[PDB]
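So this first bit is one chain, no partners, the form deposited in one PDB entry, shown in structure tokens.
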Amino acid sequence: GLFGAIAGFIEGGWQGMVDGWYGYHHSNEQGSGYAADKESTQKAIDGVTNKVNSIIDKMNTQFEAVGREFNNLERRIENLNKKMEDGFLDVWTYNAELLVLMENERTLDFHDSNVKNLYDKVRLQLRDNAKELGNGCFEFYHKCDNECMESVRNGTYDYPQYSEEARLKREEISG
């Protein structure tokens, strides 16, 4: 993708995650599991829905009636009407097709960006309290129970609460 996330460093989607579009997976001593990031999912859904609705609603539709009312001594006018209809059909077809292609690409890239930003928010949240695996997975330098992960998804991970145990495990690992 454009943001290297979705078919880049995260290699695969989660059949397991159904609650939302983007989210988190944990495996700790209490067990494992998926949980969706509600907010970002809502932003993405509301946004994409807004896009579809804007493609649909921006269309102006007035009343028109057509329409074959010229006789066979009025075929030049008939031809003028045909050039008009065919012209409008060509315009609308081209524009509709290209609109679909362009906005589809942007949609996929939008999802990409959303996942990437989620990864970045968590990343900055834990800092040196964990190891980046590259998968989009973080390995904790401390013990992060369920309330702790709760705090990460909340965005309330208390870094100083664990900084020290992390430095200790880290230098324990250091050589």
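Shifts are known only where both forms have a C-alpha. Residue numbers here begin at 1 and follow the sequence given. Whichever C-alpha set is largest while still superposing within 1.5 Å between the two forms counts as the rigid core.
Looking at 142 to 150 and 48 to 56 together, the entry lists the larger mean B-factor for 142 to 150, computed on C-alpha atoms. Averaged over their C-alpha atoms, the temperature factors of 115 to 123 and 29 to 37 are higher for 29 to 37. Highest CA B-factor among the listed residues (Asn129, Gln62, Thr107, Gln42): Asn129.
The same protein has a further form, the form deposited in another entry, not shown here; the description that follows concerns it.
No residue in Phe110, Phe70, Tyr119, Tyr34 other than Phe70 shows a CA shift of 2 angstroms or more between this form and the one not shown after fitting the rigid core.
After superposition on the rigid core, residues whose Cα atoms move by 2 Å or more in runs of at least three fall at 58 to 66, 68 to 78 between this form and the one not shown.
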